[PDB]
Amino acid sequence: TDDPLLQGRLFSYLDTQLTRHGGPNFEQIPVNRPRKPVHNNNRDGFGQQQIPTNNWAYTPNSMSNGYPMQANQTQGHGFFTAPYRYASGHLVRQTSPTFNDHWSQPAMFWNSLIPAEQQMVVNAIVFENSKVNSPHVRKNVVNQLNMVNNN
Amino acid sequence: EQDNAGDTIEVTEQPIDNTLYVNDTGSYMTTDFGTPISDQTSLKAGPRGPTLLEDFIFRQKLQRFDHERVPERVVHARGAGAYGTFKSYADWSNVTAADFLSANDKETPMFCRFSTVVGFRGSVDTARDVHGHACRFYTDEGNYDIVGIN
Amino acid sequence: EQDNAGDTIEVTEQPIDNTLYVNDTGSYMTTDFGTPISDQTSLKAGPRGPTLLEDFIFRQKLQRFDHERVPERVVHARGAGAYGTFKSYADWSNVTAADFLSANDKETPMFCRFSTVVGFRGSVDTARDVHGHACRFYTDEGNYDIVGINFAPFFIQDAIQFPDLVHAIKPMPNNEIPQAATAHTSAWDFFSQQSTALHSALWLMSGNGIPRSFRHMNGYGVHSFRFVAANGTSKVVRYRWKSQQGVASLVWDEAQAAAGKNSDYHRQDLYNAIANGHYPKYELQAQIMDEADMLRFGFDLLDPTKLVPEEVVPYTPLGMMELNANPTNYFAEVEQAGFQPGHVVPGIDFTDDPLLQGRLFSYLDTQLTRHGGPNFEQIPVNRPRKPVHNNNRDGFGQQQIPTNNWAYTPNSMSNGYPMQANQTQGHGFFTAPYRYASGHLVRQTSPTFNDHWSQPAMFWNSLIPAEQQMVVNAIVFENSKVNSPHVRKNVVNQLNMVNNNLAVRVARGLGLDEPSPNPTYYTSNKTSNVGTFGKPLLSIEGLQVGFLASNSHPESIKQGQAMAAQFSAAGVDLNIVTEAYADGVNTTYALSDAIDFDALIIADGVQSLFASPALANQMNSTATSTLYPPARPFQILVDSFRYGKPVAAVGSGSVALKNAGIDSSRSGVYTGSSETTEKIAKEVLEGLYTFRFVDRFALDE
Amino acid sequence: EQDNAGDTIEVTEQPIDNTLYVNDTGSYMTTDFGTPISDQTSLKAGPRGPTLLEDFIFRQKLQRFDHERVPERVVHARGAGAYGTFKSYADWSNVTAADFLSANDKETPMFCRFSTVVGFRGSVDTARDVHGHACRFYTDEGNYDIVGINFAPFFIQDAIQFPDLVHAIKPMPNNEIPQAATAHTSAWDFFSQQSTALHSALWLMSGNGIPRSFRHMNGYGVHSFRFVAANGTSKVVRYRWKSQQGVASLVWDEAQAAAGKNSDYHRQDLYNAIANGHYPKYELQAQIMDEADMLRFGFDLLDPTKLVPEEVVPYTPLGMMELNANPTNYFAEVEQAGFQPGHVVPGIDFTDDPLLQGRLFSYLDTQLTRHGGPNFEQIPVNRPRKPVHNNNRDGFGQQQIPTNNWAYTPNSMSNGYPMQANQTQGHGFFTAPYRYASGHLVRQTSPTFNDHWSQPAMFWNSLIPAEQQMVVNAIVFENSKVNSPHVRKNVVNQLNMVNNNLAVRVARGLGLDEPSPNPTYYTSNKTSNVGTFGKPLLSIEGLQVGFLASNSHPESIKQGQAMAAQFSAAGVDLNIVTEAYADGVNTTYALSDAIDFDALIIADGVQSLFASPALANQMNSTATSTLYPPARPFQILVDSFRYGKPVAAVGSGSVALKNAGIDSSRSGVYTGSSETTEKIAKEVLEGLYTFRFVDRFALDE
Amino acid sequence: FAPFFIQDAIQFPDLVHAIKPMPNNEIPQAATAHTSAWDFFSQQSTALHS
Ligand code: HEM
Ligand code: HEM
Ligand code: HEM
Ligand SMILES: [Cl-]
Ligand SMILES: [Cl-]
Ligand SMILES: [Cl-]
């Protein structure tokens, strides 16, 4: 979905795999391998421990007997974006006004805890905000919490 | 390792795919994580629209591409290789305990690479240069490399 | 950050050494950690003993050496760079808020790199190829890079196909053959199965594929971009760098000779020109179009396989660039430089060109590969001229020391620094606000992109007959090297959708059946400034003259030397060539070839050097010169003439011309007695501007 | 380089930005390539639309973030650093040509990092462990690093065994359990099968394994090194950093509590001390021995499992270090710092210690892992204070720009620069010239290394009875966590070769058969300054006092505050603790534990806070305080007393003491009326120096 | 937890730097109990639910 938090995670996690693995072949590590063999025209990179036999590593070509075959909604069980998805709008760096209520759900959550666990939340907030060294931040936290539940 | 329950360790080996040589015959294209794909058009907000960040098919393909290259050799960057075999003329144990030399007609698999020295990866074969002659014997007692020149 | 003692932070800045350029004068050698050393003998257990592990001097030196190399660029690996400056012709604020364009005579520092595409790091300069023209403006509002090429169109219409095009044109994966060339099955297979490629393929087969030098080609942005004004109004623009030297190119067999004689031909040309004060210039120009123009001209401005003809929208001159300094260290400054089309500044924006859109991802990601980590922008050549301030942190190779301990937004601790910048404060980047999208989320190509053949037809019609023959010869050469008959035939059929005459001539060259006219996409239209023969140069500065003399006729050297003042005054290098160095000699027969000179002059009284190979072959073994291969002087002459270069002969030099079957009546052949050398020089200057004499090139239909 | 035009090279240095410390004040946010930005909302196709690939602002920010991390150190991952200065006591040129030691009062900049060994980057400070003490002198002749630990001996005698020791002590490979601890089968298996480990294992089980802070331990070089004089004569030396604060340690259950209450206990201690002006000091000392001393003392000076007893060779004071500034950015300066024992300077040399010899390889190689490339010495904290000059080139992350284009020796082009440096010119490094080797090339251990047990015996005899009990408790704790009976028994048998009493007490703790005396390696010998209890501190600066008060008795706060001037004057922090912040309150019961204070004072009139858990348990649910867990004040008191810390009580505070079963007659218990608080303070100062009252620790045999 | 702290991925490095140890001294470990985290949670009030 167009969840702006989800949308960025899609970039971030693919990129971050480079950092931890030293190179682009992180999916070749056993725990990350799919259970069926991979076939695509990706090649090379540090730590390449496979040996491609298809010497015509591009699409379209007339040399490889059509392999590997393009997969889509109607053949090969290919991935497909949900076809009724739609977008319409200026290209904007603006937050949706539907996102503006930051406090009602915190209030519901508070009401959802037994009295003993409500005390636990208070004790935690008090513990953490006593460790916070800045009085003005302590006061900002209080004011925010007061928009959630006065008690 | 097992005079006690704590140091006793259960090993469950998982049925992980262990392909070496890749054979495309018959196959649909998949990502590196095995999802079947096409790879010929970007996902866009309308046919004349901008490309979407969520097009993971685009990103995985170009990330592979963007990372294909590795440092060339500091010397002997330009070279070419081939596999072969080596046959001992004799049992040479009187002078060497080397196993690949331990019997008449004993055969050992080989891989060699030949190269120039000074030029970078795509430099001309017929440069005036030293030439490398580097061969690996895949022996029963380890890979023995003779890394020589002409 | 200081309403309390705990969050109050004491900053003590340490007096750390901050060298940029390294200057060895006066110094003793030290390790990288500053201990003075020698580095010439290993530490050993006795003078004939084994080397010791404790020899840290040995290990630090070889560890540096063992780690010198980094990955080359996946494309455009082979290239060369230079610094320069850009001057705006005007205040362009009426169309763009870009700061480097905001005032008449406003100057901005520049760094550019030029390259081929397909060959690896040490491949030959004169490969037939696309050429990169990538320039960074170090503006006051960030590094702006125009990452262009010497052809107006590109091969494909979507970035997702880029690895397909590249694997197809690169050497085959089983054996890594052939180097730096499209002359193989896979490339022509791709160009014929992916018929978007035809426009750029024709460019590649023309002289545009084999330029004389980086100084004698133009640059193109290829894609539509946007100029965005302060108030949000945008224009759609296409960039051209118009070379102020002019456009000039080689012929194929000459490009081959150059590859074997001087693989560094273009990088040497650029280095020498700058070092000699002949600074190359290129005028920045833009076709400045309205949003309403997207589909008006019968193709789509989002389509990178299509140029806008100058005759439909003229190029508006924006300003002038000049390159005026060589780099100090090639690895540090050129090899490590990373250009990105996503390096934009306020007042510039993108379009929905699906080729451009993917480049924006690719170039940022690829910088990791070549630099080993995320701090590639911290490398000096990639730094902006003003200090960076943001909340990015850490990563391999971090050589800065952040002092802002509250590295997040929003915060109440950092006094609002660094401040958010946008359209209305701090000169922040902004997307053009009238841009809009509307549609299903689709992996479909636009039908406006479907005509792959009409523009190839226009391009063909835009070449003089001699260069049309060059295209045929190239296609025939490359497709003869293609090993697959079916691919050869596919190429013919594709070419027949472009122009029947073209396709018939190619099929004839390939020994294939001649196709019949297929008029759907044919046109008589043509455009200007897209060819490389038939139009003279605008400047001959930094071109080369070879003056062929002999030590066995000493007056010939003096004759050469007395012409030198005139060439020098035109910024042309006169090279006196003999058998061996001597007083006044610049270079030798053994070192020389036709490719080394843009014009050739034969001295008076040296005709006996110019024996043909046949004559050479009679007298072999004894009393044949050892100082150069048999008939080297003759070959220089015959080659120069064949390639179309101006040739002059003084006095009995005309005997050499006759020996070579060159009539003194041919265009671009100058003769005179020893008393008229001054006039012969000026005719050579004339011929250098014309550059090539196309009447020498064989024509067909 | 200039006998000709071709080899003459024009250098044009470009005006590139050269920021080190980054200062955000006044600035707008920019990308890394200098374009002004906001960074708070993704670019989307409509406000509820998908994020666009062209949002380069999003991608550059997350790419930086996604790449922030680097590999931690394979050992000593968890650590903290600070800058300081070193002052020589003398001109030491009679024994060493080292430049930082060449004059009385000569000052050299310093950077040190202290660490544990086994735990990963975010493991608990108060793990039982070896501690690193690694210091760089930024000398005029290169960066000299002493990379030491807080124990005098090391576990193994050959560097090739280092991965064995480390894999054995690190978490098990199947499940990565347990963290930061030797309390598992593999470690004790290793220590018992590789009996060289016994000396260091005893150190580890003593208070030395759990120091109070980095400021309250010593440092040791462990290995023999050499001082080399200008004329080539050498001395064999061993280094000790003698803490000028003194040596003090925790007890195990306290180290555990600290791990759960404040994992940053030692790094916070060091940061706060420096920030508060209480700069830690350590005196550099060396046992300065003759070459003839190698085997004289009944063990081998090449052997790193052996200390030289101060009573055999005294430590010669060389100079004083002080650490006086915190780093500005932890990642840039501390995380990236790379110490190497091979970072030596002229006047220092190595010995044939097989443990030292391998470290010289290992640390240079390991820097590649953590920095992603070979230019790790170019990181600011690793740079020498004078500019580097050598012919090393290139590599990932090259942020310098060499100007010497003739980067090889010998050459005739560079004017002899940089010049070779050696013993007799340029202050070059030189191996000590009388060093000699003679022998077959052997993979054999020296028989001089065979006594693994005598020095462990000396160490045991060197501990007060209370700390001997601590060693037994630790061994018993760790070997109860060891899951393998046969390893437990091997450990006992090994310990029985050291001291029968030790081994019997351990076997009793483990429920095993008691071994019988095995006198071969037993000794009554002992050495001084190797224990951590029974000897007072030399300075109490930067220690902490907790003053337990209550908001429900307001005069208690005022009582606390009136004592503050006296503690402040001693450089001791007085922390007033109540239920919740209020005028004059420093911290709260809920935030507090015994581990937070080095001494505890109970205020007059607050006795009712100090209800025991039993009393707490009666009245549960309503009217029990929510402001801290039940019996928190009582627990602070009982814990402080158990751990051996000084405790004082004013007035009715003595009621709290009685509730806790603490008689006012015990050592390190101070009581007084409200009129004698000044005297109570000075007794607390007294108790802080004694530091722990060992009469409280249970003893066996 | 069912909800997350922020509504846009571009803010992720902000949330993370805020909750991670301070950059000058890398204190404190594995904890939000410090000025920066609670500053972030209170200036970026989307964080209250989580
Ligand atoms: C007898 C003299 C030498 C010979 C016969 C020789 C031979 C070779 C050969 C044949 C290669 C290419 C191997 C391949 O095809 O991949 C090579 C690479 C190399 N040589 Fe040498 N070499 C010599 C001297 C040295 C010396 C003295 C050094 C440095 C101390 C050295 C360092 C290297 C390095 C770093 C490589 C790159 C290897 C790689 O990246 O895999 N060579 N040498
Ligand atoms: C209009 C079409 C294009 C033009 C004009 C163009 C231009 C260039 C140039 C001039 C360079 C060399 C820059 C240098 O000198 O360092 C380059 C490198 C590169 N190009 Fe392109 N390019 C185009 C299409 C693409 C596409 C579609 C992609 C991929 C989506 C791409 C990916 C790359 C990559 C990965 C590099 C290596 C950059 C580096 O390592 O720094 N290019 N391109
Ligand atoms: C006398 C024995 C030893 C002492 C006193 C010692 C000391 C230290 C210290 C203090 C550190 C942390 C430096 C820092 O704060 O960054 C360290 C790290 C290290 N030590 Fe040792 N060590 C000893 C033995 C060894 C041995 C035998 C080896 C291997 C042959 C070794 C390999 C390492 C490595 C690889 C690191 C990581 C360094 C880095 O990543 O920068 N150590 N050692
Ligand atoms: Cl959605
Ligand atoms: Cl658009
Ligand atoms: Cl020695």
Side-chain angles (χ1 to χ4, degrees), chain A residues 1-4 6-7 82 84-87, chain B residues 42 51 54 58 61-63 65-69, chain C residues 54 70-81 111-117 130-136 145-166 200 219-223 239 304-305 334-341 353-371 376 381-382 441, chain D residues 46 48-50 223-226 234 236 291 294 300-302 349-354 356-357 432 434-437:
Chain A
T1 68
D2 287 353
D3 173 332
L6 169 62
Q7 289 273 310
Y84 305 100
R85 294 187 59 200
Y86 191 81
Chain B
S42 300
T51 298
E54 69 171 73
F58 171 82
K61 178 180 179 170
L62 263 296
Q63 179 182 115
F65 171 77
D66 286 343
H67 286 79
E68 282 187 3
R69 296 295 174 278
Chain C
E54 69 171 73
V70 300
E72 69 184 26
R73 300 155 165 74
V74 65
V75 286
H76 300 256
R78 179 65 184 184
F111 173 77
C112 301
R113 182 173 176 287
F114 303 108
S115 49
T116 55
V117 172
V130 178
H131 302 70
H133 185 132
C135 288
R136 171 162 296 145
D145 294 351
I146 301 184
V147 188
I149 51 167
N150 78 306
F151 306 171
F154 205 69
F155 296 85
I156 49 165
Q157 287 176 332
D158 191 319
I160 203 172
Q161 290 165 10
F162 191 76
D164 299 297
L165 165 71
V166 176
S200 293
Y220 296 91
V222 178
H223 304 290
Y239 283 125
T305 65
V334 184
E335 183 59 25
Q336 288 192 130
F339 297 85
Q340 302 179 40
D353 173 332
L355 192 72
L356 169 62
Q357 289 273 310
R359 292 174 72 194
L360 305 175
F361 169 79
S362 176
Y363 294 61
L364 175 71
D365 167 48
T366 207
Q367 300 313 308
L368 299 157
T369 310
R370 303 197 292 111
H371 295 93
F376 45 79
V381 64
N382 290 329
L441 310 191
Chain D
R48 291 174 78 260
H223 304 290
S224 299
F225 291 99
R226 288 184 166 79
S234 61
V236 188
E291 291 284 353
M294 280 281 180
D300 191 335
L301 290 189
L302 296 190
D349 196 13
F350 308 119
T351 68
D352 287 353
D353 173 332
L356 169 62
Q357 289 273 310
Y434 305 100
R435 294 187 59 200
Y436 191 81

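Remember, it's 1-based here, ligands and their atoms both numbered in the order they're listed. Numbered from 1 within each chain, the chains take letters A, B, ... in sequence-line order.
- Regarding atom 16 (O) of ligand 2, its nearest protein heavy-atom neighbour is C:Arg73 NE, 2.8 Å.
- The nearest protein atom to atom 5 (C) of ligand 2, hydrogens excluded, is given as C:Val147 O, 3.5 Å; this is a heavy-atom distance.
- Between the CZ atom of B:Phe58 and the CD atom of C:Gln357 there is a distance of 9.5 Å, given to the nearest 0.5 Å.
- On a distance-only criterion, C:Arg113 and ligand 2 share at least one N/O pair closer than 3.5 Å.
- Of the inter-residue distances, the one linking C:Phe155 atom CZ with C:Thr305 atom OG1 reads 11.5 Å to the nearest 0.5 angstrom.
- Remark: among candidates C:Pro354, C:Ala337, C:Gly148, C:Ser115, the nearest residue to atom 10 (C) of ligand 2 is C:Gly148, based on non-hydrogen atoms.
- Residues D:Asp353 and D:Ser224 have side chains that never bring a donor and an acceptor to within less than 3.5 angstrom of each other.
- Under the 4.0 Å criterion applied to side-chain N and carboxylate O atoms, D:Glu291 and D:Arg226 are assigned as salt-bridge partners.
- The nearest heavy-atom contact from the protein to atom 13 (C) of ligand 2 is C:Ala134 CB, 4.0 Å.
- For atom 34 (C) of ligand 2, the nearest protein heavy atom (residue, atom name, distance) is C:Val75 CG2, 4.0 Å.
- Put simply, C:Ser362 stays out of reach of atom 21 (Fe) of ligand 2, with no N, O or S atom under 2.8 Å from it.
- In this structure, OG1 on B:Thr51 lies 10.0 Å from CG on C:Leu355, to the nearest 0.5 angstrom.
- Within the structure, ligand 2 lacks C:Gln161 among the residues with a heavy atom less than 4.0 angstrom away.
- Residue C:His133 places no N or O, backbone or side chain, under 3.5 Å from any N or O of ligand 2.
- Ion pairing between a basic and an acidic side chain is recognised when a charged N comes within 4.0 Å of a carboxylate O; C:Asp164 and B:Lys61 show such pairing.
- Residue C:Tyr363 touches ligand 2 through its side chain alone, judged by heavy-atom distances below 4.0 Å.
- Under the 3.5 Å distance criterion, with hydrogens and angles disregarded, no donor-acceptor pair is assigned to the side chains of C:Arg113 and C:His76.
- Within 6.0 Å of CZ on A:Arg85 lie more than 12 heavy atoms contributed by other residues, nucleotides or ligands.
- For atom 18 (C) of ligand 2, the nearest protein heavy atom (residue, atom name, distance) is C:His76 CD2, 3.6 Å.
- At the shortest separation from atom 3 (C) of ligand 2 among protein heavy atoms lies C:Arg359 CZ, 3.6 Å.
- Here's the thing with C:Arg370: one of its N/O atoms is less than 3.5 angstrom from an N/O atom of ligand 2.
- In C:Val222, the part holding a heavy atom less than 4.0 Å from any atom of ligand 2 is the side chain.
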